[PDB]
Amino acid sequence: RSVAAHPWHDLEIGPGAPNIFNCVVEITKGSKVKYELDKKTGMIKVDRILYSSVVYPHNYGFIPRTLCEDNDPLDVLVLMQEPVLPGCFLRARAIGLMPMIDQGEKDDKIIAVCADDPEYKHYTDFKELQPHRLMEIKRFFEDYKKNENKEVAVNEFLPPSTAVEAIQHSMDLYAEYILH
């Protein structure tokens, strides 16, 4: 009786959006493998194994039914007790925006917590996190593509309100451009 289909297009962003949204995990916490979602098939592909001896600091993925200036969905880093599998989805609250420039191109990402993790669900601002946790995250993105000669600048994190604007705008943009 039901659809069975493509996580970008066919997974609702969720009724709590943009504050709380569904989020499809591409990469697990601790992974050296950079999975990404194949836009055409909706399968998970290995984009690459990472060039440095680094691992993703948290579960990482994208928000369905979003679109950015790069023609990709909006990416999210999700803090929570446990590692989660590629291809699963979860409910996440935005707590900040991590502004970045990836090879001279804007690529801001959301930092968030899982809304169904009983430890992490009560966070609302990244300022509430331990400052090291930010320094670690910021570093990861600075460093993860260094051995591919790709420069990534990371600025200071911006507040929840700002993140929510980005999500909201990417929802709008998906709905505008996806039809054609």
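All residue numbers are counted from 1 along the displayed sequence.
- For the pair 61 to 69 and 146 to 154, the mean Cα B-factor is higher in 146 to 154.
- In this entry, the higher average B-factor at the C-alpha atoms falls on 102 to 110, of the pair 83 to 91 and 102 to 110.
- Among the modelled residues of the chain, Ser161 sits in the middle third by CA temperature factor in this PDB entry.
- Sorting the modelled residues of the chain by their CA temperature factor places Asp125 in the highest third.
- In the deposited entry, the Cα temperature factor of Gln168 sits in the middle third of values across the chain's modelled residues.
- When the modelled residues of the chain are ordered by their C-alpha B factor, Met135 lands in the highest third.
- In the PDB entry, a CA B factor belonging to the lowest third of its chain's modelled residues is recorded for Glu26.
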